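> sequence plus experimental coordinates follow:
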Amino acid sequence: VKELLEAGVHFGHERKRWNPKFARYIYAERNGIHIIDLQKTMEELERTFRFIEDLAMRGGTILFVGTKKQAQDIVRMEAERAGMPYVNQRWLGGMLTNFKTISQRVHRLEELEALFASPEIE
RNA sequence: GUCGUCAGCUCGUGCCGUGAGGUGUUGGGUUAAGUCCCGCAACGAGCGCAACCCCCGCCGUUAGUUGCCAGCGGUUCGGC
Ligand SMILES: [Mg+2]
Ligand SMILES: [Mg+2]
Ligand SMILES: [Mg+2]
Ligand SMILES: [Mg+2]
Ligand SMILES: [Mg+2]
Ligand SMILES: [Mg+2]
Ligand SMILES: [Mg+2]
Ligand SMILES: [Mg+2]
Ligand SMILES: [Mg+2]
Ligand SMILES: [Mg+2]
Ligand SMILES: [Mg+2]
Ligand SMILES: [Mg+2]
Ligand SMILES: [Mg+2]
């Protein structure tokens, strides 16, 4: 399943913009485009998903991030539909690094959520 | 007093740099303005700018020893 699916319309990409390090994953270069190794991808998702899995069964919170347009909503949906945090909008200096301060804003959205639904606009 | 009512000066954390330091405050648009929008490795905050105070312009409320025949009556015909 996870095999032929990806093997389908989901393989290879780009051309002449690449770290030679990522090259250990490329199978070939047909049509001038890098043909990523299909199999090598599956082999990886194995170790990955094992961590994805273990990480969830711990109850641990994953932060999703995809500011790129071709995935903006594709994050939104899947993260909400998982109770997990995500950011498809523009990222921010200190999201994690300067947490407490960025968080001050979250709290500010709580404060604003008060008056956004309270009889105090008399 | 003054530069100068100029729109500026700077702080917290993060990030950047061996460091002095940088970012933010820059950049596009906007305004009397670091005014505001937009963007952004910064996110936000403080002293400034504005706004809250006084005068002048229109109008209503309350007050009728100023003004008023607007309105009638008397007039030494002066709102006496
Ligand atoms: Mg949880
Ligand atoms: Mg209400
Ligand atoms: Mg109220
Ligand atoms: Mg100066
Ligand atoms: Mg400066
Ligand atoms: Mg500076
Ligand atoms: Mg420019
Ligand atoms: Mg300001
Ligand atoms: Mg009047
Ligand atoms: Mg008369
Ligand atoms: Mg008469
Ligand atoms: Mg008459
Ligand atoms: Mg009288």
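Sure, I can see it. Residues are numbered from 1 along each chain as shown, chains lettered A, B, ... in the order given. Ligands and ions are numbered 1, 2, ... in the order given.
> show me what from chain A comes close to RNA strand B.
Within chain A, the positions near RNA strand B by C-beta under 7 Å from any atom of the strand are A:90, A:91, A:92, A:93, A:94, A:97, A:98, A:100, A:101, A:102, A:104, A:105. Every residue, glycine included, has its C-beta placed from N, CA and C.
> the third one: what secondary structure?
Right, the one you point to is residue A:92. coil (DSSP: H, G, I helix; E, B strand; the rest coil).
> which residues does it contact?
Residues near residue A:92 by C-beta atoms under 8 Å, 6 or more residues apart in numbering: residue A:102.
> got the phi and psi for the residue in chain A positioned nearest to RNA strand B?
Of all residues in chain A, residue A:93 sits closest to RNA strand B, at 2.1 Å by C-beta to the nearest atom of the strand. The phi/psi pair for residue A:93 (degrees, to the nearest 10) reads phi -60, psi 110.
> return the residues of chain A in contact with ligand 3.
A:120, A:122 (C-beta under 5 Å from the ion).
> by contact count, what packs against the longest helix along chain A?
When chain A is parsed with DSSP state H, its longest helix is helix A:38-57. On a contact count with 3 or more C-beta pairs under 8 Å, 6 or more residues apart in numbering; DSSP states H and E, helix A:38-57 meets helix A:2-7.
> give me the buried positions along the helix it packs on.
Of all the residues in helix A:2-7, those buried under the rule 16 or more other C-beta atoms under 10 Å are residue A:6.
> ok, and what's touching it?
A:38, A:41, A:42, A:45.
> ranking those residues by neighbours, who comes first?
Within the contacts of helix A:2-7, most neighbours by other C-beta atoms under 10 Å means residue A:41, with 19 neighbours.
> once you drop chain neighbours, what's closest to it?
residue A:6 (6.1 Å; C-beta to C-beta, 6 or more residues apart in numbering).
> now the helices: where do they sit in chain A?
Under DSSP H, chain A gives helices at A:2-7, A:38-57, A:72-80, A:99-115.
> no further questions, thank you.
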